[PDB]
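Below: the structure, in structure tokens.
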Amino acid sequence: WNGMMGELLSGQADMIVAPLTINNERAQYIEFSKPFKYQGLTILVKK
Amino acid sequence: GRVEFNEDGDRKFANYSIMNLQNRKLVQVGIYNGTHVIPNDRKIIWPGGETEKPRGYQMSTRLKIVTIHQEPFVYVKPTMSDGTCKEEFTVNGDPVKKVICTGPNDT
Amino acid sequence: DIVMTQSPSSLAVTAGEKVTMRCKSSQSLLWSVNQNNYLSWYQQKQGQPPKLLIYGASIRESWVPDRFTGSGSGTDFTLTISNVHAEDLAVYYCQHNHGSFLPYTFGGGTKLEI
Amino acid sequence: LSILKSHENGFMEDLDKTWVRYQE
Amino acid sequence: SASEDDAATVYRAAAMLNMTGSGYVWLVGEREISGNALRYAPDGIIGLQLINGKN
Amino acid sequence: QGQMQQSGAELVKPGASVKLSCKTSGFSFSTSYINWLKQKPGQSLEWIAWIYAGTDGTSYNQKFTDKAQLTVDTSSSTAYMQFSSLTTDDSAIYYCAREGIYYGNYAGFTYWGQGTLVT
């Protein structure tokens, strides 16, 4: 792994606070709490 | 007692005793059954304080938080003069609570 | 080595009287954590192995009659016989039993005469 | 428990007033 | 779980580093508390015994 | 009741070695502590060394660390003290005693041998 999970599992970090996308891979390796955000996915376009 | 070779050809149900270093004289403080542990009446004197089990699992009160450069949630600004953040006030009269963050300049 | 001081060196008394023998250690034999004195009184008669008389400076052995009385704490200790008998004639030694204060040492000894 | 207690009351609305609700 | 030379060495090193305070959990095997290893053993340790392993 | 029997009297030339034996019986030989003490005639006993039979742990007096060696035999429950480089100062009575421990707390030497004189 790398990034936030790469740093957290290395011990250099203790608790990731960020817009963390909850998925199935992360739940197996690390723990979560209740999500503080509610949204989905969309597209940005120019007008 | 019963002698019985396992798939490793070794004797099982061996009786083990428990000894404690009380001022550098060994004292019997427990025994181990075939699959059970039976402590005796002798006190469990520890190197530190109480005779009760010390919870040797430490804790911390300093958390090393990691966060990422998110445009609407996490803003990045260089300090004004030296490690100082300009106390800008919101349009509602609420001071902007900033935090001193340490990160690389670029990639 | 903790210096064990025994007083008197010897004494002679008539039967039925009361005697007192003192034991002084150069260091405190009391361990603060458990508050127990690592002192043991012994009775040693001629031609026999010494017989453990009093341990902890206050506790008599099961075979020791109530007439024997051990007192004192810290560095100073005392062995007292309320009713002296002829059979008690022996040389009595006090010895420290503190494991942290090795090696085990003995006092000068007190000879009992009748 | 703290996250839930923050969601239950008007704290999230206040944080939205700070950054989310505002328009440019 | 080691030889008695290693056990005495690590007991000496830990006594120098003062890791025998309160809260420390100590647990060693039978081979670890014999010979000169017993000499350097910090007080309050827990040991095990092989019953009738020598008669 | 436990019994400790020592070896007989020895006449040893100066500079030679003697190995004394102390047979023990009547108690758990493996889980007790045995001490060798040097007692010159008319003098108090001098602690020499102690050994634990269950772990072979040995501890000698500094005066006798380089002079005395201790061994045990589990089959015979007999203690051994080998005194080497004997000098006229070693003309004394050696005793073997079993430690008395109550509630895991040692309370003093409760058992004794008959004594052995080395000349």
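The table below gives the values:
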item: Long-range neighbours under 7 Å by Cβ, at least six apart or interchain, first residue surrounded by 13 or more Cβ atoms within 10 Å (Cβ to Cβ) within the stretch E:11-30, second β-branched (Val, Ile, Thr); result: E:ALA14/E:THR20; E:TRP26/E:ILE45; E:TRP26/E:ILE46; E:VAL28/E:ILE45
item: Answer residue from chain D, given it is among the β-branched types (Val, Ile, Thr) and within 13 Å of chain A (Cβ to nearest Cβ) and is farthest from B:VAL91 (Cα to Cα) among those; result: D:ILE3
item: Residues satisfying the stated conditions in the stretch B:56-94, i.e. in contact with a strand residue (DSSP E or B) (Cβ under 6 Å, 6 or more places away or on another chain) and under 30 Å from E:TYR24 (Cα atoms); result: B:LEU63, B:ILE65
item: Strands (runs of 3 or more DSSP E) fully within the stretch B:1-95 counting 1 or more residues that are within 14 Å of chain E (Cβ to nearest Cβ) and in contact with a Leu (Cβ under 8 Å, 6 or more places away or on another chain); result: B:16-22, B:25-32
item: All strands (runs of 3 or more DSSP E) inside the stretch C:15-73 with 2 or more residues being among the acidic types (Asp, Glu) and either more than 13 Å from every other protein chain (Cβ to nearest Cβ) or under 10 Å from the mean Cα position of the chain (by Cα) (or both); result: none
item: Candidates A:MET5, A:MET15 - the one that is hydrophobic (A, V, I, L, M, F, W, C), under 13 Å from B:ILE68 (Cβ atoms) and either within 13 Å of another protein chain (Cβ to nearest Cβ) or more than 13 Å from the chain's Cα centre (by Cα) (or both); result: A:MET5
item: Filter result for B:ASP94 (of a type in the set (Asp, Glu) and surrounded by 10 or more Cβ atoms within 10 Å (Cβ to Cβ)); result: yes
item: Which listed residue, of F:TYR33, F:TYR52, is more than 18 Å from C:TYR93 (Cβ to Cβ), touching an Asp or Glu at 6+ places or on another chain (Cβ under 7 Å) and surrounded by 19 or more Cβ atoms within 10 Å (Cβ to Cβ); result: F:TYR33
item: Selected residue (only one of F:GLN43, F:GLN69 is closer than 26 Å to E:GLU30 by Cα and surrounded by fewer than 21 Cβ atoms within 10 Å (Cβ to Cβ)); result: F:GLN69
item: Enumeration of residues in the stretch F:66-119 that are touching a strand residue (DSSP E or B) at 6+ places or on another chain (Cβ under 8 Å), part of a loop (DSSP other than H, G, I, E, B) and more than 14 Å from chain B (Cβ to nearest Cβ); result: F:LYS67, F:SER76, F:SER77, F:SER84, F:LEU86, F:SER91, F:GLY113, F:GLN114, F:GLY115, F:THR119
item: The stretch E:14-29, residues that are more than 7 Å from chain B (Cβ to nearest Cβ) and farther than 22 Å from F:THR55 by Cβ; result: E:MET16, E:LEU17, E:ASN18, E:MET19
item: Members of the stretch C:95-114 found to be within 14 Å of another protein chain (Cβ to nearest Cβ) and in contact with a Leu (Cβ under 6 Å, 6 or more places away or on another chain), listed by number; result: C:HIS96, C:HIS98
item: Failed condition for F:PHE27, given (1) more than 15 Å from the chain's Cα centre (by Cα); (2) crowded, with 20+ Cβ neighbours inside 10 Å; result: (2)
item: Any hit, the stretch E:2-25, residues being under 24 Å from F:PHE29 (Cα atoms) and of a type outside the set (A, V, I, L, M); result: yes
item: Test: A:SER10 is within 19 Å of B:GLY103 (Cα to Cα) and of a type in the set (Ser, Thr, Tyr); result: yes
item: Hey, F:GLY54 in a loop (DSSP other than H, G, I, E, B) and either on the phi > 0 side of the Ramachandran plot or more than 14 Å from chain E (Cβ to nearest Cβ) (or both) or not; result: no
item: Of all residues in the stretch E:31-42 being under 16 Å from B:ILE18 (Cβ atoms) and within 9 Å of chain B (Cβ to nearest Cβ), the one that is surrounded by the fewest Cβ atoms within 10 Å (Cβ to Cβ); result: E:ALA41
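For every residue, the table says whether it meets (1) exposed (fewer than 15 other Cβ atoms within 10 Å of the Cβ); (2) in contact with an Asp or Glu (Cβ under 9 Å, 6 or more places away or on another chain).
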{"residue": "C:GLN46", "(1), (2)": "yes, no"}
{"residue": "C:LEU52", "(1), (2)": "no, yes"}
{"residue": "C:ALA57", "(1), (2)": "no, no"}
{"residue": "C:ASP66", "(1), (2)": "yes, no"}
{"residue": "C:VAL84", "(1), (2)": "no, yes"}
{"residue": "C:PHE101", "(1), (2)": "no, yes"}
{"residue": "C:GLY107", "(1), (2)": "no, no"}
{"residue": "C:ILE114", "(1), (2)": "yes, yes"}
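Neighbour counts run over all protein chains shown; Cβ positions are idealised from the backbone, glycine included. None of the figures in this text is laboratory data; all of them are computed from the coordinates on show.
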